[PDB]
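Only one chain comes next, encoded as C-alpha cells, the form solved without its partner chain.
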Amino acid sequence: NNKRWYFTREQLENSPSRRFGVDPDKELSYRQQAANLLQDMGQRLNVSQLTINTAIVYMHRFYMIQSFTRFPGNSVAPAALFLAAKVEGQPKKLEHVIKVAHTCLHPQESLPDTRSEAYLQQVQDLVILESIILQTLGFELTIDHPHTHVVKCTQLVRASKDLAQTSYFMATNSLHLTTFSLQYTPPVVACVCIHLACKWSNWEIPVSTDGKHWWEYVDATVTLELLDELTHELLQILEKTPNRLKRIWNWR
C-alpha cells in the first residue's frame, strides 16, 4: 500500500521494541546509533550518501516490524548497507563489507582468519540477515530519494548556495536523528528542512505575488502550524547533538 510504511504517533509509541520493554528514549537512540554506523561504514566503503540514506530508511522500516531486543543495530546495519549498495548500483563485495563492519565495531580487535569457522559463520550470518530484511520489507526497496526534493525545493525558491547547502544539511540530519521519514512524505520533510534552514540563517521568503506561501507550491497538505511544530522538534534534537550545529553556525 501507499501508506503501509507511514505511521501515526500512536503506532510509533507501540513499536515492536516497546513491546519488549524498551523505553521510547532508548529506541530513538538505538536508531540514531544504527544511522551513525551506516554513515561511518558507508563513508569508508566509499559509497554515496544516497545509498547510505537508502540503508537508513530500510533500518527505520525494519524496526517498525522487528524488535531491537531480537535484532541488534550492530547486525542489521551492515546487512542493510550491503543490500542498499546492491539496490542502488554501487554493489560492495560481501567480504569487503564484513571487513569494514568489523573494524568500525572493533577498532582494536584483531581481524579473523578468513578461513576460520568463526568467519565463515559471520559471512553466512550477514546473508541470513539480509534475507530477513528483504522479507520484513516485503521486497519493497525502491525509496523516494529525499535530496532530489530539497534541491527542487530550495531552487523553486531561489536560495543562495549557503541556504541550499544548509537545507541539505537539515535533510540528512533529519534522517539520522528523527523518524520523520516514517511519518511524513519526502516532499513534506523537504519543506520542514527548508523552513528551518531559513529560520537558522535569518532568511525570509517573500509571499508569492498572490499571497500564497512558497510551500503550497510544493505540497497542498503542508501548513505553517505543522512546519513550526516539526522544525521545533528537529531543532531540539539538533541542539542535543554535540558539534552538529557547529557545522552550520556562522562563525564570522
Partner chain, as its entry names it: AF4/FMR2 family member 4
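Only the largest set of C-alpha atoms that superpose within 1.5 Å between the two forms is called the rigid core. Residue numbers count along the first chain shown, from 1.
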Open item on the list: Given a rigid core fit, name the stretch, 59 to 67 or 199 to 207, whose C-alphas are on average farther from the form shown here in 6 other deposited structures of this protein.
Closed with: 199 to 207
TODO: Figure out for me whether 209 to 217 or 23 to 31 is the more displaced stretch in 6 other deposited structures of this protein, taking RMS C-alpha distance from the shown form once the rigid core is superposed.
DONE: 209 to 217
TODO: Mind pulling up the entry and telling me whether 222 to 230 or 60 to 68 has the higher mean Cα temperature factor?
DONE: 222 to 230
- [ ] Taking the mean of the C-alpha B-factors per stretch from the entry, tell me the winner out of 69 to 77 and 107 to 115.
- [x] 107 to 115
Open item on the list: By the CA temperature factor listed in this entry, which of these ranks top: 151, 129, 141, 171?
Closed with: 151
Open item on the list: Quick check on the deposited entry: does the C-alpha B-factor of residue 249 sit in the lowest, middle or highest third of its chain?
Closed with: lowest
Open item on the list: Per the entry's values, where does residue 182 land by CA temperature factor relative to the rest of its chain, in the lowest, middle or highest third?
Closed with: middle
TODO: Name the third of the chain's ranked CA B-factors that contains residue 195, choosing lowest, middle or highest.
DONE: middle
Open item on the list: Ranking the modelled residues of this chain by C-alpha B-factor as given in the entry, is residue 241 in the lowest, middle or highest third?
Closed with: lowest
Open item on the list: Which third, lowest, middle or highest, does the C-alpha temperature factor of residue 207 belong to within its own chain?
Closed with: highest
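Here the subject shifts to the form solved in complex with its partner chain, a form of this protein not shown in this document.
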Open item on the list: Can you tell me whether residue 9 touches its partner chain? I mean in the bound PDB entry, with a 4.5 angstroms heavy atom cut-off.
Closed with: no
Open item on the list: Given that its partner chain is not shown alongside this chain, does residue 181 nevertheless sit within 4.5 Å of it in the bound PDB entry, heavy atom to heavy atom?
Closed with: no
Open item on the list: Under a 4.5 Å heavy atom criterion, is residue 75 part of the interface with its partner chain in the bound PDB entry?
Closed with: no
Open item on the list: With a cut-off of 4.5 Å between heavy atoms, is residue 238 one of the residues that contacts its partner chain in the bound PDB entry?
Closed with: yes
Task: Contact check for 63, 68 and 79 against its partner chain in the bound PDB entry, heavy atom at 4.5 Å - done: no
